[PDB]
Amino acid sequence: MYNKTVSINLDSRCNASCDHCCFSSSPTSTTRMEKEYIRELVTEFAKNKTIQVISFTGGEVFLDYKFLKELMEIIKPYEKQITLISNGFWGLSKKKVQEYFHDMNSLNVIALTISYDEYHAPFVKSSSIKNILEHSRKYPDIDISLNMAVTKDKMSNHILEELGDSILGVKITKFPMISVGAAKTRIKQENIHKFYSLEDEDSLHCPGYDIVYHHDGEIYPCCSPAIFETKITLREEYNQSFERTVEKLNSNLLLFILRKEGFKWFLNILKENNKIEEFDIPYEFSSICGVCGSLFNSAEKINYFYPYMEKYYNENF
């Protein structure tokens, strides 16, 4: 269970410095796993019989293209599928776009997501994005998507218009901000959309787990921006196998209760014990992950649930 896909966050370094960035990525970001350690991880994931998809994220994965192509080439003999996400800064040159698409097509890259919005706009020109989107027409086996992070004051309405006909046939999704990283301090909270509240608990369910080996050296149960500020980690030692990561994910009591009972199990404990204000749990949220982030972003918060999770285990199994 949860062992057919894995993600690696290659680095926190990025050419951009978006004001919403969950990692606060910038050209001077230093948080990353060693290159040799990542090589060993990719080699293991490629040799693993159950993994089908390996996803790469950052930071900006195309910043050190030589290392990315080297990692994709370790996977090549094993025939696993690859997904990539990028700010498309490399789209500036049609010749680079041609080179990278040719590489991606021969290295079993099945999906490429390009992020572009008013937060990315100061660092990447619209023309770079257009170049990538137009050339993708020649590679129908690569799934192309455009991810746009928006706020009430920065809805990216003019950005799509300026992309012109390059967006024809491309899946576009506009999404709200998770109040984590640079979004916590550089964006007014009144500009973040509020779709959920502590009251409509019936819809508070985690979308699912997806293992990520993050640039901070930890392992996370999902790839949501919110998880990275939590203390929920699947790593117990420096050299830990994927089998052990999956076994830890599948035997984690907190994640088991979260999957089976939903966020209402944790929220009702805090309401019953009058800890919503003490734990700084927000009243409204842009997404379900926003609740997740605030329930478990400290060791005190997680440890608070232990006697209740212990009682749950005894009662149910």
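In case it trips you up, residue 1 is the first one in the sequence shown, and so on.
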Comparing 237-245 with 201-209, the one whose average Cα B-factor in the PDB entry is higher: 201-209
Comparing 132-140 with 192-200, the one whose average Cα B-factor in the PDB entry is higher: 192-200
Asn314, C-alpha B-factor rank within chain (lowest, middle or highest third): highest
Within-chain third of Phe285 by Cα B-factor, per the entry: highest
Third of the chain's Cα B-factor distribution that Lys76 belongs to, per the entry: highest
Third of chain Cα B-factors occupied by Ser156: middle
Third of the chain's Cα B-factor distribution that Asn3 belongs to, per the entry: highest
